[PDB]
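Listed next as structure tokens is one chain, alone, in the form solved without the ligand.
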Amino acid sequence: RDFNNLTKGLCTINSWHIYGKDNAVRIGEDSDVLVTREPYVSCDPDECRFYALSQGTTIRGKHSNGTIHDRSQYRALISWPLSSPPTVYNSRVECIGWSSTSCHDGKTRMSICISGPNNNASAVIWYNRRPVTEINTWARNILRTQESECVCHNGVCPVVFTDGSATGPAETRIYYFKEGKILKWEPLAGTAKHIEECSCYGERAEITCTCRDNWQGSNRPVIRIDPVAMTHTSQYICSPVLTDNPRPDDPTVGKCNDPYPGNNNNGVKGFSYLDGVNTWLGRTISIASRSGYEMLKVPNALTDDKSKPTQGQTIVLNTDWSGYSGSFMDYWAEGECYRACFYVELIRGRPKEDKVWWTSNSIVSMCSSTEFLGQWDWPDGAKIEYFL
């Protein structure tokens, strides 16, 4: 009932423990589960929930044929209980649209969905389950945003949006919202060349976003934001451990303010926790496809351009599919420090498993632990052959 303030710092991460997993494609083989993608996880003061962009069909309905396409009029942002499937009967629709973000400021929740044709799209900002502000396309080519939660400090909650080419210079803006209303906005500044799909967190009154350059970097852009002063800066992560996909093999030396060359015009949403010696990077294991997934401890990855791993943890094995991944935290948990968490989207279907006509996913999520705990891998677990 008063706005949350990013007061604490992050706990030390010595390993990751399972937090939620829904087994959605298994259970969807014989239950009424909706076809999604682009999932994430966000918390309220009293419950943390799973989120995704619906495709408007169940996995076994006939209209599941064709769900590899990203934007259409039948998609919506939906949320559901932690670790249940997106069912037709248990899901809550937040807003209509084929790109989103959402965060709670302590008093209530802001949601933003985007819909439109490519050259005439528009975002409307929902605060306390009601429509308040709308924004229209500025550069007239697929206006999009984070696809994972935003972060708020005393009422102000910044959101990064890109409008323009995904294969050349684009127009990115950081908007500062409070209670649904635009306070100010700025264009992207600093050395990042291209921003797409930011995954963010905050600690000690600062917001950090690890984003995706689609144009030309296989190393990742980072935006640091100040919610009080309402300003931001951008860099690339210095470390040679490259975490975009597809990507060239790891070099010896990395790049701090320029894209690392080697693969152009493609990527994946990813994240990292950047906290000095306590820094952990997430990445696909295949350099060529979204398959496998690992967490790697690389001290001072952001600043040191020769930093190599110090400890690791396999989250998904290379023979299993992964996809998008992002950051969230439960800022309303009791304790001295923010515990860091992430989710990994596990895509099943087209394009890699071409023998069915649909695309869908399941979620796995994890949080940090100060113990050095043992590891297991967490694959989707459906057998595509049962759907034939």
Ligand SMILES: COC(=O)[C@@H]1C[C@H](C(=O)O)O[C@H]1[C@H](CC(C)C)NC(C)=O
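The first residue of the sequence shown is number 1, and the count goes up from there.
task: Would you mind comparing 255-263 and 154-162 for me and telling me which has the higher average C-alpha temperature factor in the entry?
output: Going by the record's values, the stretch with the higher mean is 255-263.
Quick check: 321-329 versus 62-70, which has the larger average CA B-factor in the record? Mean C-alpha B-factor is greater for 62-70.
Note to self: Among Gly56, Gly28, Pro39, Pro351, where is the Cα B factor highest in this entry?
What the structure shows: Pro351 has the highest C-alpha B-factor of those listed.
According to the deposited entry, which of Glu171, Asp105, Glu294, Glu94 has the largest Cα B-factor?
That would be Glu171.
key: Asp44 CA temperature factor, ranked by third within the chain   = Middle third by C-alpha B-factor.
_Among modelled residues of the same chain, the CA temperature factor third for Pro131_ = According to the entry, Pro131 has a C-alpha B-factor in the chain's lowest third.
*Rank-wise, by C-alpha B-factor, drop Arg283 into the lowest, middle or highest third of its chain.*
CA B-factor rank for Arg283: middle third.
Item checked: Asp213 by Cα B-factor - lowest, middle or highest third of the modelled chain -> Lowest third of the chain for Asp213's C-alpha B-factor.
Among the modelled residues of this chain, does the Cα B factor of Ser365 put it in the lowest, middle or highest third? Middle third - that is where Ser365 ends up once the chain's C-alpha B-factors are sorted.
Note that the form deposited with the ligand bound isn't included here; everything after this is about it.
For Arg75, is any heavy atom within 4.5 Å of the ligand in the deposited bound form, or not?
Yes - in the deposited bound form, heavy atoms of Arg75 and the ligand come within 4.5 Å of each other.
(Q) With the partner left out here, check for me: in the deposited bound form, does some heavy atom of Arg290 sit within 4.5 Å of the ligand? (A) Although the ligand is absent here, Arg290 would touch it in the deposited bound form, with heavy atoms inside 4.5 Å.
Query raised in the report: Is the gap between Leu53 and the ligand in the deposited bound form 4.5 Å or less for some heavy atom pair?
Result: The answer is yes: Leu53 has a heavy atom within 4.5 Å of the ligand.
query = Do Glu149 and the ligand come within 4.5 Å of each other in the deposited bound form, heavy atoms counted?
reply = The answer is no: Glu149 has no heavy atom within 4.5 Å of the ligand.
Contact residue in the deposited bound form, from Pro85, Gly267, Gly282, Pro158 (heavy atom within 4.5 Å of the ligand): It is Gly267 that has a heavy atom within 4.5 Å of the partner.
message: Can you work out which of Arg71, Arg173, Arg92, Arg109 has a heavy atom no more than 4.5 Å from the ligand in the deposited bound form?
response: Selected option: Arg71.
Requested in this report: Considering the ligand in the deposited bound form, find the one stretch among 126-134, 253-261, 270-278, 94-102 with heavy atoms no farther than 4.5 Å from it.
Outcome: Stretch with heavy atoms near the partner: 94-102.
Worksheet item: Counting only heavy atoms, which residues in 190-223 are within 4.5 Å of the ligand in the deposited bound form?
Response: Going through 190-223 in order - heavy atoms within 4.5 Å of the ligand in the deposited bound form - the hits are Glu196, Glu197, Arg212, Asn214.
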